[PDB]
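K.L.:
Submitted below is the structure of interest, expressed as structure tokens.
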Amino acid sequence: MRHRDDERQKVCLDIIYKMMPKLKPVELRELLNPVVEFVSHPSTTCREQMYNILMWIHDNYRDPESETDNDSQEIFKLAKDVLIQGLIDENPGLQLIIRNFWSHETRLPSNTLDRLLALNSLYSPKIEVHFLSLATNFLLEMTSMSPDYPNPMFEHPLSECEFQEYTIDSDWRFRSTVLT
Amino acid sequence: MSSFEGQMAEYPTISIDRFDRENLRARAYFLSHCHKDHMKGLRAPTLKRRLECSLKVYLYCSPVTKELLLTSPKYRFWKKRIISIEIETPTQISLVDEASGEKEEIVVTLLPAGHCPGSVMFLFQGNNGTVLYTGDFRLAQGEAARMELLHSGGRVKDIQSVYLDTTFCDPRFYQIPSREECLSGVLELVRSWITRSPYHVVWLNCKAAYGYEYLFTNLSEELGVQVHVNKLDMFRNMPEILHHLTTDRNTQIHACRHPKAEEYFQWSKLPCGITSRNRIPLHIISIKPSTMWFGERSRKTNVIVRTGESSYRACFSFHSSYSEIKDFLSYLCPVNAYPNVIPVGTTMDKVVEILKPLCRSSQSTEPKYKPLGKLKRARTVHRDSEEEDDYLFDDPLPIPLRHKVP
Amino acid sequence: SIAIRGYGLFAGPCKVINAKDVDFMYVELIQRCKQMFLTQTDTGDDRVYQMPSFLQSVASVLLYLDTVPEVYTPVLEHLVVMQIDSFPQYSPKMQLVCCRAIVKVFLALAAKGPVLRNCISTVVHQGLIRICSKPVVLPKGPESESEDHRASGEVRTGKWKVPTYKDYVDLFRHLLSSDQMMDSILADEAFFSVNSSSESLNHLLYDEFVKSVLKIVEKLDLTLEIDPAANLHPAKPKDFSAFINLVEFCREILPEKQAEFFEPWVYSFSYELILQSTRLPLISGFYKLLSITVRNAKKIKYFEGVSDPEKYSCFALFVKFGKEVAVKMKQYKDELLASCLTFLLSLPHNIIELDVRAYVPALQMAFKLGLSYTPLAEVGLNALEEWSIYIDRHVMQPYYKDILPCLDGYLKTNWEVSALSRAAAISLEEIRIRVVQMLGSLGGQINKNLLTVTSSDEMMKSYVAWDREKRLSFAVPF
Amino acid sequence: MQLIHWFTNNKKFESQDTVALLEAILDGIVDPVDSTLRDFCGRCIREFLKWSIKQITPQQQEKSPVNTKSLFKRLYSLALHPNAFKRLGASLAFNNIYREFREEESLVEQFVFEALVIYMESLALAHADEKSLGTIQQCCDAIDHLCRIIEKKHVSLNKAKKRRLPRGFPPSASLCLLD
Amino acid sequence: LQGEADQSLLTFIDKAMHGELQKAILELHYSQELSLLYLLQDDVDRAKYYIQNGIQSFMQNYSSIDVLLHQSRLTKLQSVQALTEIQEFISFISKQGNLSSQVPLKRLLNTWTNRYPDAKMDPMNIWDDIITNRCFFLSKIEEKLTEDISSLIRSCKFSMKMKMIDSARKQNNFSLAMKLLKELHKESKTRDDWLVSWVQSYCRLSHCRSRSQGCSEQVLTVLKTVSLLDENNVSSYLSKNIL
Ligand SMILES: [Mg+2]
Ligand SMILES: [Mg+2]
Ligand SMILES: [Zn+2]
């Protein structure tokens with residue numbers, strides 16, 4: 001796998017993804033230690049398989065209390081870290097896949113305040129330049145599921161409105177005269 | 001020429017296009033094409049004596065190269081030791097030692113070169129990485145991205161070294177026209193000449209033995225006339241080329257060769273002994289396809305130039321130009337790159353410093369920290385004798401005391 | 001060539017020279033050169049590589065006869081012109097051979113009489129005209145000779161690109177510095193050491209180049225015909241192109257030989273350029289030539305100790321012209337304003353000391369435009385360094401608070417110990433380095449003006465709120 | 001264009017938004033560097049005058065030319081400025097709005113003599129300028145436009161009505177063409 | 001730099017620069033100190049490399065400070081003169097034509113004696129840094145060569161030291177001024193004009209000091225000046241110099 005070859009590493013990751021559902025925690029950990037090295041790989045097809053492997057690991061190692069053997073914990077931590085790093089992937093399609101994986105209702109709540117609370121867990125010292133943009137996107141994507149979202153922001157058009165004349169020469173007028 | 005010593009730095013047990021001095025100990029021989037500058041030592045008496053004393057050493061080449069090589073009577077002793085390999089077919093070669101039973105497997109891939117009948121590339125893959133040997137190739141700009149076997153999943157493979165052809169690796173040969181343009185020009189000229197009378201003939205002063213078959217075949221297909229050559233039995237198994245050549249001297253287009261053909265043409269006589277048919281004199285024009293002559297011009301020139309009343313020159317190169325070489329090497333982006341041949345004008349250092357910015361050497365490092373110890377002054381030469389008046393100035397500041405111990 | 005050398009070596013000491021055959025061979029050589037190079041306008045693949053030998057033989061013959069036929073003087077002048085034109089078509093050694101041939105012809109013409117010394121003047125003028133007739137060098141390569149627009153049937157091998165003025169600069173430098181070449185010419189043939197050996201050929205050619213430049217300048221028609229600065233077109237675009245090429249060639253040639261021979265030409269050249277510039281204030285080549293002239297004058301200390309009357313007249317002329325340019329340049333644009341600022345900042349410190357207030361806005365505009373255009377920044381840095389070095393400190397003191405704040409824009413464009421402790425045309429970078437070195441060279445009493453309270457008050461305007469109350473209340477719909 | 005249409009239907013003399021838009025356009029039209037912005041601001045002043053006339057009844061515009069008065073007073077302030085670019089901008093604004101200004105009888109009767117005197121003074125001030133700027137040409141074009149406007153409607157200008165008193169004129173209760 | 005000998009700092013830098021963490025902060029905030037240490041070890045190439053690194057670090061730091069922080073920008077700008085003088089000395093000591101004659105040395109001394117910090121707006125740390133660097137540079141120059149050049153160097157050092165004492169007096173740094181005057185008292189008596197200048201500087205310092213004191217202490221602090229002022233041995237020099 002360490003050898004630089006796109007097709008070879010791709011079929012290696014395929015073999016790993018196919019043999020993963022029948023591996024032991026220690027074996028899975030010592031086999032995932034080199035798998036996470038594809039986060040900085042130029043090929044956009046090997047990173048996809050690595051992210052598939054990591055999403056499978058995340059979905060099949062959610063249990064934090066049960067199945068506690070000090071190996072599943074580290075595997076889950078590493079998988080979560082690399083999945084978080086995958087939020088700034090160069091490929092827009094792969095980044096969209098990763099953000100749709102994270103934006104699911106199982107991993108991020110649908111309530112606004114609950115999602116704001118949970119977004120702090122998606123932080124890592126790796127994604128710091130883009131953390132604010134990702135958080136704002138995750139917060140604003142919940143607006144589409146709102147009744148007022150497709151409605152117009154203002155009822156009447158300018159064709160039937162009143163032109164507001166600021167006739168009151170209040171303290172604002174002194175500043176407007178001082179300005180120009 | 002070929003400045004290659006027929007020995008890669010990664011795989012010294014195999015020799016390519018050179019069998020002269022140290023290649024007599026090699027375990028496998030490779031032949032790019034059938035040019036004489038790439039066949040030094042192939043007919044040596046020492047190599048002849050070695051072949052009859054070994055059984056596991058072979059000569060790998062293209063099938064067309066094998067056909068062109070076995071035709072010559074001087075090289076027919078290789079008939080039982082040549083193994084032809086198809087292009088674009090990754091095969092495994094066994095580098096078994098003769099004396100000891102040691103063995104070593106390597107994967108070679110033959111890629112087309114577009115130079116002459118049988119010219120191919122060699123792409124080796126073994127324990128010491130991937131190396132590429134493009135011996136006398138010809139690629140236009142934007143064609144390196146179309147080689148299937150040089151790509152692994154849509155990206156260029158990791159190549160460790162490239163022994164590329166640097167025949168025209170100099171700013172003199174900036175952009176040589178494609179061979180189709182020269183072909184069209186020569187076709188138009190020969191048509192406009194021979195279309196007048198059946199006694200107008202056209203000579204083709206071709207210096208190289210192989211490489212001009214494209215011109216011959218296309219002229220024959222576009223004019224219906226058959227080119228005359230000295231020998232054509234070498235193409236007996238190549239129907240698409242054999243049916244365009246003829247040994248008869250009663251044809252208009254000629255491409256025969258002779259060491260003293262220049263004086264013969266000056267006397268209005270082709271290299272073949274015939275000078276006139278039916279006692280009617282022949283009107284001969286000479287077209288010499290070459291490239292080195294165009295690389296010395298001082299102003300704007302054309303593909304088909306006229307250097308005399310019955311003399312012409314054509315820009316027909318089977319070697320990649322400077323821009324094409326730069327594009328190819330920049331697209332491959334290898335770790336190293338070694339020039340196989342040095343140009344006549346250029347030298348080794350200039351070709352090396354031209355090829356170096358194209359190699360994948362994008363790794364810099366800060367200089368090593370030079371330590372500074374044992375300062376260059378031992379005794380305090382700047383010490384005072386401490387004689388003062390002590391009354392013009394205020395009292396000295398008392399030495400501080402710090403008892404904090406963290 | 002063998003026959004000419006033998007005839008020389010024989011009829012020299014033998015004293016058998018007869019004009020009835022020397023003129024014969026002279027006419028023969030001239031007619032052969034005319035029918036081979038001038039009239040025969042075809043594919044002369046080898047003729048150019050053998051023209052220098054013909055020129056050397058023609059010069060060796062011409063130096064012998066005393067009655068030169070006046071009908072064969074044009075053919076000769078035009079022949080030397082066309083030989084000069086073919087200079088870029090030579091190898092680095094063939095170029096030296098061509099230079100030797102030209103110097104030999106000039107030496108053969110500078111010994112007969114004034115009627116043939118005028119031939120040197122006219123051949124230099126025609127060669128300069130031919131060089132200026134070349135196309136203008138564009139910033140990037142022309143679309144015809146571009147990277148990947150090679151037309152069908154075009155072979156770009158050897159010297160395939162059309163020559164420009166930049167290819168004759170080496171020829172003219174060799175001509176203006178032909179001293180060891182003259183020694184090689186004279187020491188070859190025995191008769192060359194007998195006639196007049198003009199060691200001042202360099203000064204002669206320099207004066208001829210200067211007067212030819214003047215004649216070309218006073219001959220062109222730089223008139224513009226038809227928001228207002230957009231529909232303006234040159235009446236004769238070829239004249240405009242020739243003027244640009246002439247300005248560039250002057251920039252390349254004039255500072256040769258440390259501007260030694262340019263001292264007597266300072267006043268006349270400056271007056272002619274200033275007249276052509278005040279009659280055509282929208283041409284930047286005049287300002288470029290004036291900048292070149294002022295730099296060449298400063299190189300030879302022409303204005304040092306001015307405060308002959310010609311030096312003072314030139315000083316008083318430049319003093320008024322600088323004021324006029326500074327006053328009228330307030331409405332120019334990118335190229336014209338750049339050239340005007342370059343000229344105004346190229347002036348010596350003696351003129352600046354008279355009134356620094358008039359030239360401070362020019363330096364400010366140069367520093368402001370240097371953010372995008374690096375050469376203006378370089379010119380401004382050089383001018384500021386010259387002013388800080390040579391102008392009196394008490395005069396420059398009240399102007400640093402206005403000059404230096406303009407240099408702050410270059411400095412405004414990561415890790416620190418507080419983080420690593422927890423962890424346990426020149427480029428713009430060269431301009432920034434020069435600005436830092438400029439601020440350091442100025443003492444602590446001067447560089448403090450980079451940060452003035454007025455600059456801070458002006459820069460604090462981009463940090464105040466547009467409105468002091470929130471107006472646009474948008475409720476995000478969840 | 002739609003913003004100019006919307007901010008030109010005010011009813012009071014100096015509306016904050018209308019004055020802000022007019023000042024922005026008049027500061028863009030006097031830009032010494034950019035010419036495209038200057039032409040676009042000329043078009044904007046044209047649309048400003050057009051939709052200030054288009055969004056008011058003729059009986060009300062004769063009573064109080066709200067936006068026309070502000071525009072003309074600002075053009076007069078720009079035409080007498082010592083800076084050449086502001087005078088050039090005022091001349092360009094008039095050369096852009098003369099075709100819409102002459103289609104209103106009351107606007108002409110009220111502003112034509114004042115504009116003529118102001119632009120004559122501007123052409124006089126433009127004496128010390130250069131011919132490459134273009135202030136002389138634009139000012140002469142504006143003066144020719146005003147001259148044609150006066151020639152076509154000279155029958156109504158010969159009467160002694162109460163018009164706007166131009167600059168440097170003695171106080172009077174009427175203004176005719178003889179003055 | 002003042003001439004002492006202690007391998008503490010050199011061993012400390014050697015131990016620190018051999019670590020990925022310590023070296024990365026030593027090359028960032030103390031590159032000028034590293035350049036000076038390499039100049040002390042007669043390593044001109046490394047010194048020039050580190051002074052260029054220091055120029056780049058100053059540029060990076062100054063480009064990151066906010067515009068509204070005027071005091072921080074001024075404090076960062078107060079080191080450009082020292083950095084540029086270090087780079088200028090590195091460039092001067094590199095060429096060989098400067099060690100043959102004394103014209104370039106006199107030019108350098110004239111450029112230094114006309115480039116001083118602000119006497120009242122630059123704090124005493126900038127003055128101390130610049131004067132110490134100039135003295136170290138002059139010492140290194142004198143160390144290569146061996147009215148000769150040594151007397152010129154001594155006169156330049158004395159003049160710079162006196163200018164620094166004047167600047168310290170003008171900034172109410174009376175203790176530092178006294179400490180710098182006491183160090184120059186010995187060498188000022190070697191020549192004749194140096195003694196008069198030293199006595200006059202001491203008297204000016206005692207006058208400036210006698211303003212924020214009581215009337216009983218002013219008399220005491222100024223009584224020490226009359227004996228130095230009306231001295232009779234320098235009367236020969238005073239009778240020939242009217243200033
Ligand atoms: Mg070959
Ligand atoms: Mg070949
Ligand atoms: Zn034949």
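Ordering of the structure tokens sets the chain letters (A, B, ...), residue numbers begin anew at 1 in every chain, and ligands are numbered from 1 in the order given.
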Can you tell me which residues surround residue 242 (chain B) at a distance of at most 12 Å, considering only C-alpha atoms, apart from same-chain residues fewer than 2 positions away, and format the answer as an NGL selection string?
P.N.:
:B and (213 or 216-217 or 220 or 226-229 or 231-240 or 244-247)
K.L.:
Write the selection just made, keeping N, CA and C atoms, as a PDB file, in the first residue's frame?
P.N.:
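out10.pdb, written as the output of this step:
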```
ATOM      1  N   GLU B 213      10.431   5.295 -44.867  1.00  0.00           N
ATOM      2  CA  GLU B 213       9.424   4.454 -45.505  1.00  0.00           C
ATOM      3  C   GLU B 213       8.062   5.132 -45.531  1.00  0.00           C
ATOM      4  N   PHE B 216       7.970   7.199 -48.692  1.00  0.00           N
ATOM      5  CA  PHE B 216       7.864   6.335 -49.864  1.00  0.00           C
ATOM      6  C   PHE B 216       6.447   5.800 -50.021  1.00  0.00           C
ATOM      7  N   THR B 217       5.880   5.263 -48.938  1.00  0.00           N
ATOM      8  CA  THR B 217       4.544   4.682 -49.008  1.00  0.00           C
ATOM      9  C   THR B 217       3.498   5.730 -49.360  1.00  0.00           C
ATOM     10  N   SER B 220       3.823   6.815 -52.980  1.00  0.00           N
ATOM     11  CA  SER B 220       3.321   5.762 -53.855  1.00  0.00           C
ATOM     12  C   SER B 220       1.797   5.726 -53.852  1.00  0.00           C
ATOM     13  N   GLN B 226       5.947   3.621 -58.071  1.00  0.00           N
ATOM     14  CA  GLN B 226       6.649   2.810 -57.085  1.00  0.00           C
ATOM     15  C   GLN B 226       8.089   3.284 -56.968  1.00  0.00           C
ATOM     16  N   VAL B 227       8.527   3.530 -55.733  1.00  0.00           N
ATOM     17  CA  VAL B 227       9.873   4.032 -55.495  1.00  0.00           C
ATOM     18  C   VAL B 227      10.891   2.917 -55.711  1.00  0.00           C
ATOM     19  N   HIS B 228      12.061   3.289 -56.220  1.00  0.00           N
ATOM     20  CA  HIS B 228      13.140   2.346 -56.484  1.00  0.00           C
ATOM     21  C   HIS B 228      14.139   2.367 -55.335  1.00  0.00           C
ATOM     22  N   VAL B 229      14.488   1.179 -54.837  1.00  0.00           N
ATOM     23  CA  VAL B 229      15.465   1.026 -53.767  1.00  0.00           C
ATOM     24  C   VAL B 229      16.441  -0.077 -54.151  1.00  0.00           C
ATOM     25  N   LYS B 231      17.733  -2.674 -52.032  1.00  0.00           N
ATOM     26  CA  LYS B 231      17.264  -3.947 -51.505  1.00  0.00           C
ATOM     27  C   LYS B 231      15.874  -3.778 -50.911  1.00  0.00           C
ATOM     28  N   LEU B 232      15.011  -4.765 -51.156  1.00  0.00           N
ATOM     29  CA  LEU B 232      13.653  -4.757 -50.626  1.00  0.00           C
ATOM     30  C   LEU B 232      13.256  -6.104 -50.032  1.00  0.00           C
ATOM     31  N   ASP B 233      14.176  -7.072 -49.989  1.00  0.00           N
ATOM     32  CA  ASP B 233      13.853  -8.374 -49.416  1.00  0.00           C
ATOM     33  C   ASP B 233      13.638  -8.276 -47.911  1.00  0.00           C
ATOM     34  N   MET B 234      14.145  -7.210 -47.289  1.00  0.00           N
ATOM     35  CA  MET B 234      13.964  -7.023 -45.855  1.00  0.00           C
ATOM     36  C   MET B 234      12.507  -6.788 -45.480  1.00  0.00           C
ATOM     37  N   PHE B 235      11.691  -6.299 -46.414  1.00  0.00           N
ATOM     38  CA  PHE B 235      10.271  -6.076 -46.179  1.00  0.00           C
ATOM     39  C   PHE B 235       9.402  -7.176 -46.780  1.00  0.00           C
ATOM     40  N   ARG B 236       9.934  -8.395 -46.901  1.00  0.00           N
ATOM     41  CA  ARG B 236       9.179  -9.479 -47.516  1.00  0.00           C
ATOM     42  C   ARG B 236       7.980  -9.902 -46.677  1.00  0.00           C
ATOM     43  N   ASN B 237       8.041  -9.729 -45.358  1.00  0.00           N
ATOM     44  CA  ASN B 237       6.939 -10.070 -44.471  1.00  0.00           C
ATOM     45  C   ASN B 237       6.098  -8.858 -44.094  1.00  0.00           C
ATOM     46  N   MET B 238       6.311  -7.719 -44.755  1.00  0.00           N
ATOM     47  CA  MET B 238       5.571  -6.486 -44.499  1.00  0.00           C
ATOM     48  C   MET B 238       4.872  -6.090 -45.795  1.00  0.00           C
ATOM     49  N   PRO B 239       3.645  -6.569 -46.014  1.00  0.00           N
ATOM     50  CA  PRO B 239       2.968  -6.295 -47.292  1.00  0.00           C
ATOM     51  C   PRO B 239       2.688  -4.823 -47.538  1.00  0.00           C
ATOM     52  N   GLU B 240       2.352  -4.058 -46.498  1.00  0.00           N
ATOM     53  CA  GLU B 240       2.010  -2.651 -46.672  1.00  0.00           C
ATOM     54  C   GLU B 240       3.192  -1.803 -47.124  1.00  0.00           C
ATOM     55  N   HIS B 244       5.039  -1.111 -52.278  1.00  0.00           N
ATOM     56  CA  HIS B 244       5.333   0.257 -52.674  1.00  0.00           C
ATOM     57  C   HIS B 244       6.757   0.437 -53.178  1.00  0.00           C
ATOM     58  N   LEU B 245       7.603  -0.580 -53.069  1.00  0.00           N
ATOM     59  CA  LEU B 245       8.985  -0.522 -53.521  1.00  0.00           C
ATOM     60  C   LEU B 245       9.184  -1.459 -54.706  1.00  0.00           C
ATOM     61  N   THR B 246      10.215  -1.171 -55.493  1.00  0.00           N
ATOM     62  CA  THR B 246      10.508  -1.958 -56.684  1.00  0.00           C
ATOM     63  C   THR B 246      12.001  -1.875 -56.965  1.00  0.00           C
ATOM     64  N   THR B 247      12.544  -2.970 -57.499  1.00  0.00           N
ATOM     65  CA  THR B 247      13.940  -3.024 -57.904  1.00  0.00           C
ATOM     66  C   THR B 247      14.160  -2.564 -59.338  1.00  0.00           C
TER      67      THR B 247
END
```
K.L.:
Could you list the protein, DNA and RNA residues that have any atom within 8 Å of ligand 1, counting only C-alpha atoms and all ligand atoms, and write them as an MDAnalysis selection string?
P.N.:
chainID B and resid 1:2 33:38 135:136
K.L.:
Using only C-alpha atoms and a distance of at most 9 Å, pull out the residues of chain D that contact chain C, as a VMD selection string.
P.N.:
chain D and resid 32 to 36 38 to 39 132 to 134
K.L.:
Wanna dump the chain A-chain D contacts at 12 Å for me, each residue with its shortest atom pair and the distance in Å to one decimal, counting only C-alpha atoms, ordered by chain and number, as a tab-separated table?
P.N.:
```
residue	atom	partner	partner_atom	distance
A:157	CA	D:6	CA	11.7
A:158	CA	D:6	CA	8.1
A:159	CA	D:6	CA	9.2
A:160	CA	D:6	CA	11.8
A:161	CA	D:6	CA	10.7
A:162	CA	D:10	CA	9.9
A:163	CA	D:10	CA	6.8
A:164	CA	D:10	CA	8.5
A:165	CA	D:15	CA	6.9
A:166	CA	D:15	CA	7.3
A:167	CA	D:12	CA	8.1
A:168	CA	D:15	CA	11.3
A:169	CA	D:16	CA	11.3
A:172	CA	D:16	CA	10.8
A:173	CA	D:16	CA	9.7
A:176	CA	D:16	CA	8.6
A:177	CA	D:16	CA	10.8
A:179	CA	D:20	CA	11.5
A:180	CA	D:20	CA	10.1
```
K.L.:
Output the selection as a tab-separated table (two decimals), in the first residue's frame - N, CA and C atoms for each residue.
P.N.:
```tsv
chain	number	residue	atom	x	y	z
A	157	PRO	N	-44.96	45.23	-3.20
A	157	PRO	CA	-43.85	45.76	-4.01
A	157	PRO	C	-43.76	47.27	-3.89
A	158	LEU	N	-42.69	47.82	-4.49
A	158	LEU	CA	-42.47	49.26	-4.44
A	158	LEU	C	-43.52	50.02	-5.24
A	159	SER	N	-44.24	49.34	-6.13
A	159	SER	CA	-45.24	50.00	-6.96
A	159	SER	C	-46.43	50.49	-6.14
A	160	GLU	N	-46.63	49.97	-4.93
A	160	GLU	CA	-47.77	50.34	-4.10
A	160	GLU	C	-47.33	50.68	-2.68
A	161	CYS	N	-46.11	51.17	-2.51
A	161	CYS	CA	-45.61	51.60	-1.22
A	161	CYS	C	-45.55	53.13	-1.15
A	162	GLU	N	-45.26	53.63	0.05
A	162	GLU	CA	-45.15	55.06	0.30
A	162	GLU	C	-43.69	55.45	0.46
A	163	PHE	N	-43.29	56.51	-0.23
A	163	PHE	CA	-41.93	57.02	-0.13
A	163	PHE	C	-41.78	57.77	1.18
A	164	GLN	N	-40.99	57.22	2.10
A	164	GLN	CA	-40.85	57.78	3.44
A	164	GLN	C	-40.03	59.06	3.38
A	165	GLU	N	-40.64	60.17	3.80
A	165	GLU	CA	-39.99	61.47	3.83
A	165	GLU	C	-39.58	61.79	5.26
A	166	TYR	N	-38.27	61.84	5.50
A	166	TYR	CA	-37.73	62.13	6.83
A	166	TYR	C	-37.78	63.64	7.07
A	167	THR	N	-39.00	64.13	7.28
A	167	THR	CA	-39.22	65.56	7.46
A	167	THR	C	-38.77	66.06	8.82
A	168	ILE	N	-38.67	65.17	9.82
A	168	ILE	CA	-38.32	65.60	11.16
A	168	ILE	C	-36.88	66.07	11.20
A	169	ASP	N	-36.69	67.37	11.46
A	169	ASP	CA	-35.35	67.94	11.60
A	169	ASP	C	-34.89	67.74	13.04
A	172	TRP	N	-30.66	64.18	14.07
A	172	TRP	CA	-30.06	63.63	12.86
A	172	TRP	C	-29.76	64.73	11.85
A	173	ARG	N	-30.59	65.78	11.83
A	173	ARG	CA	-30.41	66.86	10.86
A	173	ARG	C	-29.13	67.63	11.13
A	176	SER	N	-26.38	65.56	9.73
A	176	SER	CA	-26.43	65.57	8.27
A	176	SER	C	-25.92	66.89	7.71
A	177	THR	N	-26.16	68.00	8.41
A	177	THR	CA	-25.64	69.29	7.97
A	177	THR	C	-24.14	69.39	8.20
A	179	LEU	N	-22.04	66.87	8.22
A	179	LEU	CA	-21.42	66.01	7.22
A	179	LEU	C	-21.26	66.75	5.90
A	180	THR	N	-22.38	67.18	5.33
A	180	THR	CA	-22.37	67.96	4.09
A	180	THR	C	-23.60	68.86	4.05
```
K.L.:
12 Å from ligand 2 is the threshold here; counting only C-alpha atoms and all ligand atoms, which polymer residues fall inside it? Answer as JSON, numbers by chain.
P.N.:
{"B": [1, 2, 17, 31, 32, 33, 34, 35, 36, 37, 38, 39, 113, 114, 115, 116, 117, 118, 119, 120, 121, 134, 135, 136, 137, 138, 164, 165, 166, 167, 168, 207, 208, 209, 210, 211, 212, 317, 318, 319, 320, 340, 341]}
K.L.:
Grab me every residue within 8 Å of ligand 3, counting only C-alpha atoms and all ligand atoms, and send it over as a PyMOL selection string.
P.N.:
chain B and resi 203+228-230+248-249+251+253-257+270-274
K.L.:
If we count only C-alpha atoms and set the cut-off at 8 Å, which residues sit around region 76-86 of chain E, ignoring sequence neighbours fewer than 6 positions away in its own chain? Please answer as a PyMOL selection string.
P.N.:
(chain C and resi 436-437+439-444+448) or (chain E and resi 32+51+54-55+58+62+122+126+129-130+133)
K.L.:
Taking only C-alpha atoms into account, which residues of chain E are within 8 Å of chain B, as a list in words?
P.N.:
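Only these qualify: residues 2, 3, 4, 5, 7, 10, 11, 14, 17, 18, 38, 40, 41, 178, 182, 186 and 224 of chain E.
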K.L.:
Keeping N, CA and C atoms for every residue in the selection just given, could you write it to a file as an mmCIF file, in the first residue's frame?
P.N.:
```cif
data_model
loop_
_atom_site.group_PDB
_atom_site.id
_atom_site.type_symbol
_atom_site.label_atom_id
_atom_site.label_comp_id
_atom_site.auth_asym_id
_atom_site.auth_seq_id
_atom_site.Cartn_x
_atom_site.Cartn_y
_atom_site.Cartn_z
ATOM 1 N N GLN E 2 30.841 43.751 24.634
ATOM 2 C CA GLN E 2 31.652 44.726 25.352
ATOM 3 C C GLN E 2 33.073 44.246 25.621
ATOM 4 N N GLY E 3 33.397 42.995 25.295
ATOM 5 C CA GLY E 3 34.750 42.492 25.427
ATOM 6 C C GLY E 3 34.937 41.383 26.439
ATOM 7 N N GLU E 4 33.885 40.966 27.138
ATOM 8 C CA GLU E 4 34.018 39.896 28.113
ATOM 9 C C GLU E 4 34.182 38.554 27.401
ATOM 10 N N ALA E 5 34.480 37.519 28.184
ATOM 11 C CA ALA E 5 34.685 36.173 27.656
ATOM 12 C C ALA E 5 33.891 35.200 28.514
ATOM 13 N N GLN E 7 31.716 31.405 27.804
ATOM 14 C CA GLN E 7 31.181 30.383 26.914
ATOM 15 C C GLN E 7 29.758 29.973 27.267
ATOM 16 N N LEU E 10 27.327 30.899 24.165
ATOM 17 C CA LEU E 10 27.642 30.104 22.982
ATOM 18 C C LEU E 10 27.230 28.649 23.170
ATOM 19 N N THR E 11 27.524 28.072 24.338
ATOM 20 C CA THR E 11 27.109 26.700 24.611
ATOM 21 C C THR E 11 25.590 26.593 24.663
ATOM 22 N N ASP E 14 24.385 26.627 21.117
ATOM 23 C CA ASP E 14 24.722 25.357 20.479
ATOM 24 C C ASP E 14 23.755 24.258 20.906
ATOM 25 N N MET E 17 20.055 25.254 19.318
ATOM 26 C CA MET E 17 19.906 25.164 17.870
ATOM 27 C C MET E 17 19.907 23.728 17.359
ATOM 28 N N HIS E 18 20.337 22.762 18.174
ATOM 29 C CA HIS E 18 20.280 21.351 17.810
ATOM 30 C C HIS E 18 18.953 20.707 18.189
ATOM 31 N N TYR E 38 27.649 35.250 15.224
ATOM 32 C CA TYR E 38 28.459 34.748 14.118
ATOM 33 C C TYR E 38 29.511 35.769 13.699
ATOM 34 N N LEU E 40 30.916 37.652 15.838
ATOM 35 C CA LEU E 40 31.914 37.492 16.890
ATOM 36 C C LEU E 40 32.844 36.319 16.604
ATOM 37 N N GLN E 41 32.343 35.282 15.933
ATOM 38 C CA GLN E 41 33.129 34.100 15.606
ATOM 39 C C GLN E 41 33.779 34.187 14.229
ATOM 40 N N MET E 178 25.728 59.251 34.384
ATOM 41 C CA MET E 178 26.870 59.205 35.293
ATOM 42 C C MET E 178 27.691 57.939 35.076
ATOM 43 N N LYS E 182 31.616 58.017 33.956
ATOM 44 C CA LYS E 182 32.680 57.451 34.778
ATOM 45 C C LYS E 182 33.580 56.531 33.961
ATOM 46 N N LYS E 186 38.801 58.170 32.425
ATOM 47 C CA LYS E 186 40.214 57.820 32.320
ATOM 48 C C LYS E 186 40.782 58.208 30.961
ATOM 49 N N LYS E 224 30.529 70.486 42.945
ATOM 50 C CA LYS E 224 31.553 69.634 42.353
ATOM 51 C C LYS E 224 31.985 70.116 40.975
#
```
